[PDB]
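**Q** quick one, what's the 3D model for this:
(chains A, B, C and D, ligands or ions: 9)
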Amino acid sequence: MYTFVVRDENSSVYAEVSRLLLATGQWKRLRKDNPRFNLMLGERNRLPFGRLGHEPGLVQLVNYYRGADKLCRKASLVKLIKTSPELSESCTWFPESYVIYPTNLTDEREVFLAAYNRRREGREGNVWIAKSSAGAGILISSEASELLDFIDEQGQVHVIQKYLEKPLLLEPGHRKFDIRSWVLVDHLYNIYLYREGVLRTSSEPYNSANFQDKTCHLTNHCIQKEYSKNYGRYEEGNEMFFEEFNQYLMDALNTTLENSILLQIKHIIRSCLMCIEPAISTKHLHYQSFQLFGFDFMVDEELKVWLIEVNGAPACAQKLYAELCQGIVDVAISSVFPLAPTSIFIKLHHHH
Amino acid sequence: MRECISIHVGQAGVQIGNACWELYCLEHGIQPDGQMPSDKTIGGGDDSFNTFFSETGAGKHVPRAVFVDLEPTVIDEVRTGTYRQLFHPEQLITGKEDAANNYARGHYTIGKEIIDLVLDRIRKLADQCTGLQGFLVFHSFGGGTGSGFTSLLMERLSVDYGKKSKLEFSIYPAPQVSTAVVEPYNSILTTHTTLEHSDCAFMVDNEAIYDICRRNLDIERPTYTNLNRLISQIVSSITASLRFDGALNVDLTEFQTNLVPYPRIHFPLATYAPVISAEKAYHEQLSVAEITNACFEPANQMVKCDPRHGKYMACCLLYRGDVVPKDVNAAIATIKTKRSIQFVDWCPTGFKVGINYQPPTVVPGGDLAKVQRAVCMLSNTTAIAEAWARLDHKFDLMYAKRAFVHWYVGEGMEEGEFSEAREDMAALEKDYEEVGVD
Amino acid sequence: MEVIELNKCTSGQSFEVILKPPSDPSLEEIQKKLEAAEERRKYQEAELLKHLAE
Amino acid sequence: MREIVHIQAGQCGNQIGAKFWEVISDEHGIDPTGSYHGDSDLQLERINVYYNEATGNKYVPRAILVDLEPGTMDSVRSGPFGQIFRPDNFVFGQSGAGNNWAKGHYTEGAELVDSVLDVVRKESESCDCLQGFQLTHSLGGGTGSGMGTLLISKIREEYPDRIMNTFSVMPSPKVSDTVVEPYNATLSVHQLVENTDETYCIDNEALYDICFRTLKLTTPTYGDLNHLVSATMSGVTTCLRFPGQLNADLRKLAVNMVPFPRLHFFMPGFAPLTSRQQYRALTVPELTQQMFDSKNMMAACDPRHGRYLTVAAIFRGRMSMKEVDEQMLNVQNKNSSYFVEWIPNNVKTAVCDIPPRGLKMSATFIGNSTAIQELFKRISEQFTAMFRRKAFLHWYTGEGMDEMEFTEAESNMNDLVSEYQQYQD
Ligand SMILES: Nc1nc2c(ncn2[C@@H]2O[C@H](COP(=O)(O)OP(=O)(O)OP(=O)(O)O)[C@@H](O)[C@H]2O)c(=O)[nH]1
Ligand SMILES: Nc1ncnc2c1ncn2[C@@H]1O[C@H](COP(=O)(O)OP(=O)(O)CP(=O)(O)O)[C@@H](O)[C@H]1O
Ligand SMILES: Nc1nc2c(ncn2[C@@H]2O[C@H](COP(=O)(O)OP(=O)(O)O)[C@@H](O)[C@H]2O)c(=O)[nH]1
Ligand SMILES: [Ca+2]
Ligand SMILES: [Ca+2]
Ligand SMILES: [Ca+2]
Ligand SMILES: [Mg+2]
Ligand SMILES: [Mg+2]
Ligand SMILES: [Mg+2]
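**A** Numbering: from 1, shown residues only, chains lettered A, B, ... in the order given. Ligands and ions are numbered 1, 2, ... in the order given. See below for the structure:
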């Protein structure tokens, strides 16, 4: 009889996992503060890692990699890519980004203007986007004055990166989109990619001459469902799944989702996670870690894949909660705590 | 030559002291009768080993040690053990009834009535010192004597030896080798009243010694003898510089200078390798780089924690055996390019290295195998704060209900001394976070 | 990767490697604490015997 | 030399106490004449904890036999090991206590208490360092209950900083001598709440059910019930009588078993308990499954009704200490809903190599459970069923007691119940 605790009631994902665990009749839930546990579905912020693995005769497993925030923070990811030799500053799949602290607080302000002035003089597209992790608070603009002044009005660190002016548009619609890929890393540090991804599409035609109305530029499921008037027109919930998107690439572009997009996505996931493995690995640790990640990608008109951000506590598409959540109990929980296919994941082999 | 006086308090300190002085003798060639044939200066001399051993006209080499226990059972082992001849009766002090795992009992009730006695016996060893450096105090956190009486002794040593340095070897409590439920209380009470009286403290988590014995030594149920023989190897590595010719950590002052830039943060993490089972017919002898790399593995740290998620303030590498500086710097270079070693921005990113050509001595019939080279890394990491967090959390669980508090109040302690001690630990954890986190 | 302060002797040698540069209570007060706790013990025991005497 | 002074009082106290000395005297090699004849030094290691050493290498128990009538103690003196008890340590009267708490506590008992304390003082003065006292007695009679608790009050006055321990047999209507047992027990339980550090609650009903259902004894007898008490007493004291570092010294045990001064009433348990399939070997899992099972617990309380404040287990015999830890850590990690989570690691385990006579290995259970309140609830109810009608009070008012003292004992135990209740939530 295994035991587990739940310290994040707001997690729709692990709410289902805990629901499935109890359904197995071999997992017993304990109070959130009971230290005798096998599996901790931990809180998002300030998870007490230092108290794990100190219970005699209990192999303890937690659902967050300590230190993985370096990848799931806007500013942290930028610092990780520019300073990690495995990713290098010349990383070809990450937009040119800079860390800019508000003037009311190192900082890359002068470094940003330098590359900005270079584009302005070279007749090149000079549209940047500013954002932060303390937002719902995003601003798209082509003038450096507006971008910097917007950050100073706030009080948290921000990131200014190149705005993809030539995004791949779906037809009919002429509309932007992004791609969400769920990736599960187990205690052995195998990188599993969920065979099911989702396209969070914009129901508004992309307009390159008006970044003020951000309804056709930001493909967030909450923005489309609040400030977009064509929500759900082309697909249910502005969510296209791999089957449909794949057939579209074939009919329109005469290619497949695997060749044109999926190879680059799988390469980016590998590069990012392998980079930080020495820092977060629990191979020789007194406890074990696994975690679910949500990668967000952009695709331009040349079918090049760009990394946007990585989410540490991602949600799931309603249609894929059952398949994935069970997939989490199979490779992440039951792999260390076995019970008395055709995997739904794609193993990304690598050198540890 | 300046002398160092060792003080062992409680059962843990006394049994651990036994293992150390057994090892010290095998290292310096001192027989159980106190005789040392290699010492060509009979009944005198200011050699490096004279920092820990005094001499008599008869040529006996006597440890500069004091054993103190509030019960006679543990210290009686020394009086009739293999090294009974090393010490004289004055050096061993025993009471009638112990502290019953009650800090307040060892510090107040019983301590008040025997405190001045330990001091008098210590004064006697000090009177043989022409330049006393300071004291090395061995004790446990969980015991009533180890916790309670130790903090009282430290308060008096600071009074009776103001300018002298005081180091600790402290046993952090581990449920796998403990039957006391109140050890969190005692540990936090003794750290609060000892913090401003200790210049450098080497915490050893029984949980870590226990696992190293099961994993590396293949001991299914490690005994105290197993735990102490291994703890004295680490202690030997740390005190070796004071007992052998050298230039690194030659006096107790250098330990604070090289390892403790901030006074309250005086708890270095110890890491030792290799620990090899003697039952193995023969083992592939490890290299300088391999044993050095092992210093950054959680599995051989004296306190289980993740240094990858802290900031180093200092770092000493203490090698014993076949090791030349060339090999050390080569391994360090590689370890930097693969390991996550983040220093605090107000401290240099460097390593002080000490090499003693004599490889680690192994107690005949012990559990450890003879190896050609070993190393002990002393690194002051903010990651060790994980140990304070675990302990302070257990304290909060019980104290919130006032469980067991009546035992401490009944021995004369006021309840407010609990929260006074706890708020000091809250301030200690804040100091670690300000120094290590961003 | 600099080596400094190399000291060698017959029983070993010691050196330093720099990878990167940077960026009490008086005796009187102890007896008072001790005696204060001894007084509260005497008081607590006095109330016990008074309880037993009743 | 941490000596313990033993006292046994009344019919129940002296019969259980006798079997106890019979059991441990065997485990230490002491024969009925006090001569050692064992084959292991471990037998004599801590022998002085319960035995004085006389001339000619003789070992004399440190026990004082007390009763207000001669009958029971006369039997002990003629019993198996009767000759091993110090002759002077028999202190007894002739009147009897008539199963009357008042007679043992205020009148008859008071006339004899001073002479008993003269013997205690005599045994104490001989102790290099007295750990404390342990008393055996029932609470439903008059001498062991009434005078027994009078002795504790006085022993505590003369030795305020020594540990006071008792094995207290609790009455049950299923194993009852007289109807006033709830009266005597409610009066004693308040004394114990004040003046004992540790009290092992031993319900005669649990003992009876164990003899009928588990041991398959058709017609149980006090003798049969006392076999269980003998074994249990030998078990819980193993920590003291042999070389060990866990639970040794009564004060250390009290410091780790008593989180609050008044909640110091323990539930004991023993395993195995086999009916005569008695030669089969008992595995470590079985020992642990039974030792924690309610049908092996001698308080007559269902632990699954409350929560464990602390637990102390003692395993005896040559077994896998690794396997001991695994099975213990399995019971806890399989039923952590019954252990209070505000006392980390409140379950401790100790191993001993010497087993009881005729057993490859056994386990003794020592639990400070809030379920014990069910026991005080029973007594409280049986008490009030009569006291509300003042039934049988004349026996007590005729010895100088007032109804007020009953109303207070009542309220004092209902308070003790509410205390156990608040720590169960
Ligand atoms: N490593 C190691 N730990 C020990 C040893 N002896 C006791 N301990 C630990 O010390 C703690 C108990 O404290 P003790 O040292 O036994 O207590 P004490 O200092 O003798 O004081 P008293 O309460 O009066 O007995 C437990 O956590 C034990 O695990 C030992 O020999 N080696
Ligand atoms: N450099 C860039 N070029 C083009 N579009 C961008 C961009 N940066 C952000 N976006 C747009 O913003 C959206 C994602 O914003 P971002 O992920 O930074 O905020 P967020 O984290 O609150 C949403 P989520 O975490 O759910 O993906 C995408 O739909 C994308 O179209
Ligand atoms: N377990 C056990 N209980 C007993 C024994 N003798 C009496 N009792 C119980 O003790 C109570 C009577 O107390 P008793 O010892 O006879 O009174 P006393 O001699 O005046 O102290 C009743 O509840 C009996 O059930 C015995 O030998 N063993
Ligand atoms: Ca000499
Ligand atoms: Ca000082
Ligand atoms: Ca009379
Ligand atoms: Mg986000
Ligand atoms: Mg002790
Ligand atoms: Mg009777």
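**Q** which residues touch the closest residue to residue A:208 other than its chain neighbours?
**A** Spatial nearest neighbour of residue A:208, chain neighbours left out: residue A:165 (6.5 Å); criterion: Cβ to Cβ, 6 or more residues apart in numbering or on different chains. In this view, the C-beta of every residue, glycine as well, is placed from N, C-alpha and C. Contact analysis of residue A:165 by Cβ atoms under 8 Å, 6 or more residues apart in numbering or on different chains lists A:125, A:127, A:208.
**Q** which residues touch residue B:110?
**A** B:70, B:95, B:97-99, B:148-149.
**Q** out of those, who has the most neighbours?
**A** Using other Cβ atoms under 10 Å in any protein chain shown as the neighbour test, the contacts of residue B:110 are led by residue B:148, with 33 neighbours.
**Q** which of the three states applies to it?
**A** helix (DSSP: H, G, I helix; E, B strand; the rest coil).
**Q** residue D:155 sits in which helix or strand?
**A** Assigned by DSSP states H and E, residue D:155 belongs to helix D:148-158.
**Q** now for the helix or strand that that helix is followed by, which elements pack on it?
**A** The C-terminal neighbour of helix D:148-158 among helices and strands, as given by DSSP H and E, is strand D:163-170. Applying 3 or more Cβ pairs under 8 Å, 6 or more residues apart in numbering or on different chains; DSSP states H and E, one finds that strand D:163-170 contacts helix D:10-27, strand D:129-138, helix D:148-158, helix D:181-195, strand D:198-203, helix D:222-236, helix D:250-257.
**Q** can you say which of these is nearest to chain A?
**A** Nearest of the helices and strands packed on strand D:163-170 to chain A, taken as Cβ to the nearest Cβ: helix D:250-257 at 16.9 Å.
**Q** would you map the strands across chain C?
**A** For chain C, the strands defined by DSSP state E cover C:2-9, C:12-20.
**Q** the nearest residue to residue B:91 once chain neighbours are set aside pairs with what?
**A** Spatial nearest neighbour of residue B:91, chain neighbours left out: residue B:66 (5.7 Å); criterion: Cβ to Cβ, 6+ apart. Using DSSP bridges, the bridge partners assigned to residue B:66 are residue B:7.
**Q** residue B:66: neighbouring residues, count only.
**A** 24.
**Q** now the residue of the stretch 151-300 of chain D found nearest ligand 4. Nearest residue, chain neighbours left out?
**A** Closest to ligand 4 within the stretch 151-300 of chain D is residue D:245: 39.5 Å, counting by Cβ to the ion. Leaving out its chain neighbours, the residue that sits closest to residue D:245 by Cβ to Cβ, 6+ apart is residue B:179, at 7.4 Å.
**Q** pull the contacting residues for that neighbour.
**A** Contacts for residue B:179 (Cβ under 8 Å, 6+ apart) come out as D:245-247, D:256, D:312, D:348-350.
**Q** check residue D:285 too.
**A** Applying Cβ under 8 Å, 6+ apart, the residues near residue D:285 are residue D:327.
**Q** just put the contacts of residue B:179 in TSV and tack on neighbour count, distance to residue A:104 and secondary structure.
**A** Shown next, in TSV, are those (neighbours: other Cβ atoms under 10 Å in any protein chain shown; distance: Cβ to Cβ, whole Å; DSSP: H, G, I helix; E, B strand; the rest coil):
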residue	neighbour count	distance to residue A:104	secondary structure
D:245	15	61	coil
D:246	19	60	coil
D:247	23	62	coil
D:256	26	56	helix
D:312	23	60	strand
D:348	21	56	strand
D:349	19	59	strand
D:350	21	63	strand
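**Q** what parts of the stretch 301-438 of chain B come near chain C?
**A** Taking Cβ under 8 Å from any Cβ of the partner chain, the part of the stretch 301-438 of chain B that reaches chain C is made up of B:325, B:328-329, B:332-333, B:336, B:343, B:345-358, B:410-414.
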